[PDB]
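Same chain, two versions here, written out as structure tokens and called structure 1 and structure 2.
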Structure 1
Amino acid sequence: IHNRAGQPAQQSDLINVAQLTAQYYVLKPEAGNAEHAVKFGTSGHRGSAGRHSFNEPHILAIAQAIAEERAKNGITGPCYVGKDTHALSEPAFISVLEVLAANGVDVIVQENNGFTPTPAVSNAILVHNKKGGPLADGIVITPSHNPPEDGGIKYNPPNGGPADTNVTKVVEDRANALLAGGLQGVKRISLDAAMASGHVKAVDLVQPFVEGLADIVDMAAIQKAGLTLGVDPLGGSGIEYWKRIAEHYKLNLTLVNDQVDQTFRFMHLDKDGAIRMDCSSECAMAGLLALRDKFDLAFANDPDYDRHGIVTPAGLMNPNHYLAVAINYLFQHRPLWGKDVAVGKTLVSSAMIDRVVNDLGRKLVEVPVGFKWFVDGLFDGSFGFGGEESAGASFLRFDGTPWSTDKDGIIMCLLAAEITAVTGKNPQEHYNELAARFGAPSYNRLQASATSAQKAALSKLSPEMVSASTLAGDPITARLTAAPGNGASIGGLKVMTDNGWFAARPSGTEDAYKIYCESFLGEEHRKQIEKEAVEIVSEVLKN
């Protein structure tokens, strides 16, 4: 979109790292300013020190709220605290240790101030808790693929996955209460006191994760295939993980750069001209894509390593296409998974998944947008796979027990290699065969502004408020305001025919709504769905 989309970042594009880090300490949120408040949701709290939305007082307040909340839930084991490669993860990490140790909380960290992927934290929690003693949980310090100036912090309970809204709303309220009270009632000691306390233990989390990969992906088959693999670590938290994977499993796996740089200067600019480490963006992935002819398969991950991008000589795979291929493969190549093991899908993901799951005779569980809906099912092994169209997924170990109950970018990348090794066809070739079999669907997302009134309207709709009988030439077969799979409110509307669908829901961050549309007939028909979706939305939300 933007003029400089896909261009190499320039010096003028870059943050002053030390200045931003200083701002964490020297700038504060304005009392009574809602934009500076803690907003702690499914992906935790994100902001920037320079915008007064990610500073020492936020992290102090959040850390205190988490300490109290976990105690309230009888969690007495260690808290695994991992951080990504964003600048603001460094001071936030120190603040967390200061508050947790002050509250009597044992902490486990990566040794040598190293970095830890979100799924490595999830996996560490699960492995710890399998042993049946005091329960471990985790904090992940990352704003995912947000620009270099942003910081993030989120909480993972003992089930290893993202905290649900019952926990996050309590943490939010408590953190904001603490902020309004000028941090009195935040307990804190110095970093030196925290290190002397005996609460902080440094371990290597890399080695147990990497060695454990044989229990989830067929690494021997990958090795024996002798594929030429490439990875762009994109300066993220799993850079050391990829190196160790290549060594330990003897893979022909090349890191196309090994840079860690808190300005992320090696990046190509994203579609809106910002530096964004989005492994699913063709603009951001421009570096790896210029080299796609040099590998059988290549991949990238966002900085927290919970999302994935798959590259073949054909280009960057669309996330929906890869989800369908991964599901089709896994459920035919996992003999130990029980007959009851289901497929979790968000309702805005491609109906190609529906086609695949129905074909396998498997149970499809459609849920609202969000990975949180998969956590319980992955944890207890009733979901074999849960994915979202925004390129994040997870699946079970070979034996049908969880590996990571948060999204895991590394197992998704390695799965692509397993698929290619085992079947002799890369995931793109598999998708092409699926398209020949079921039709090649055309998928698009739209967005426009909406005032809070219309945004709230769309949020609480009834199914029969749609005065539409048809959609792009076809009779309407379903009108949904709740997800078929778990019956949870979708916070919007989905409309289906035999040949396509659209779903509409408000945005979390901006005053806007989004429309997802797909046609199994093609682009022209999809464009017709788009037009009618806009008309239906503007008519349903006109009052």
Structure 2
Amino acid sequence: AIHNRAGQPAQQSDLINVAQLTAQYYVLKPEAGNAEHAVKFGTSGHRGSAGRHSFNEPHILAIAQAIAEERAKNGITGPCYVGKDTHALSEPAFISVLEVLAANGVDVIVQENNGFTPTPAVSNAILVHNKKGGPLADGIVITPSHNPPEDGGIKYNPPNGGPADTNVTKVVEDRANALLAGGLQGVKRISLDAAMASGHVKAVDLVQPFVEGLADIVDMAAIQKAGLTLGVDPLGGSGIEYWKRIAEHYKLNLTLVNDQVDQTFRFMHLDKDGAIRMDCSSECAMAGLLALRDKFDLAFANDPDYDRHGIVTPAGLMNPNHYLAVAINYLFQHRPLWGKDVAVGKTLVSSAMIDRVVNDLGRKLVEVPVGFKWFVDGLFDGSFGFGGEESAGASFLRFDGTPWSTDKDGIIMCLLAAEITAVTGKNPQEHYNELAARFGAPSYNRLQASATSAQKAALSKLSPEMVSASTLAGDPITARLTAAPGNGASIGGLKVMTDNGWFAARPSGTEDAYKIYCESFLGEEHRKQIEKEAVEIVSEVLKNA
């Protein structure tokens, strides 16, 4: 809570001019020779804003062309599910995608009545389609997640239903930039009217199959029976009709605390930094729902692409790590059809409460570097029952151990909290309190500082031997890691562990800086000692960089 208007309702002065920004998509163009305006198409696709010359018609035409080409080269001939969120720029982007996909002879499936579609609803659609064993489906999701109102995003999900990885994204990025440099000569395009008349664009209801399918992944009958008073802040996002449909279809006492869809997102409370950001895990952004927390047994919210979740109880907004540990602890004791081998995916900076829970359940922990990409294959083939990120995104398998969404799914994570409460009679925070009473209440913190460009490079080229420390804050070190133990993938940094605590140091992805994540099960003072020693270790190893 840094900003002085953090947590306060947005004011008119905070808001964008939606129609102007949308005009800018068409009338402004990336600058020849300007790297800031180029396509940057990564793990979350390409994001930017029309007013900054970084999310405009030429970008989306170029990206859509590159995706059409790539998918064809990869032998994908089934439909492309194209979903969009509630950001303003998702509308012009969606149209550009249809124009180019249809021109390249791609069969596109869209939500009818220009509706909105969660990331996991695209993932789920792809998976359900491909299970049929015919021509392969893939998809595009037109969202910048929880970015502010002026931003747009677009990303690709290949036939395994998860985010595209760098083997695809880099080729797409280079191709799109080549097309921009070429004045879009290589872009094939037809008018929106022609695309709709072409037969290549099919409008369907994606909502009902997804909503009815939930019964195959969450215990909707136990939820119904419990008769809980449930609340949701849809945060003006892409799954607002999904929540309404879930309440209707499952006859739940589930109340939307507001039902606003507004491309200025003016209904939002401002985030910690005074911006309008639809972050379901942020206390400031969640101030609206938190002021009503006493009215519900359980409440929740989702970011605009509905791949992330925030869990509220009368006690407040749960810490996302705390919830992951509780979700895992519950699922692995309440999913008998999951094979003995089905494993638990965890990122290296997530809480070691996860480790403790997993060890207690006699289940395999597969620790991976940060990034949901590391869970996709294991969710897909059913070897990971669960994969989550401490950034409040996770997914888990259907009851029968087959995948539901291989991208993160905020809806199943929220409904899982309701299942937990219903089946056990205790909400997820009460469950966390019991974990803390059993194992101790860990103290977690993140630090950051500048590094020179050379130091930042050095930090990602360490070897365990470069670290001679044998103790960390009074305990014997049990591991010094530069690769994730679960999958052997490089951390691009360092993790050091003891039985009582750990730290991980990683370069920042966007600045010449590094971050240190650390956690102690002995408390605040012990954690502060870990911090001091982590900084000492990192300084020593980068001293010559």
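What we label the rigid core is the largest C-alpha set whose atoms superpose within 1.5 Å from one form to the other. Just so we're on the same page, residue numbers count up from 1 along structure 1's sequence.
Trainee: Between structure 1 and structure 2, with the chain as two rigid parts, do residue 311 and residue 493 end up in the same one?
Mentor: When each C-alpha is assigned to the better-fitting superposition, residue 311 and residue 493 land in different parts.
Trainee: Rounded to the nearest whole degree, what rotation separates the positions of the smaller rigid part between structure 1 and structure 2?
Mentor: Smaller part versus larger part, rotated 9 degrees.
Trainee: Once you lay the two forms on top of each other by their rigid core, how far has the C-alpha of residue 451 moved between structure 1 and structure 2, in Å?
Mentor: Here the C-alpha difference is 4.1 Å.
Trainee: By how many angstrom is the CA atom of residue 533 displaced between structure 1 and structure 2 after fitting on the core?
Mentor: That residue's C-alpha sits 2.3 Å away in the other form.
Trainee: By how many angstrom does residue 519 shift at its CA between structure 1 and structure 2 when the core is held fixed?
Mentor: Its C-alpha shift, to one decimal, is 1.0 Å.
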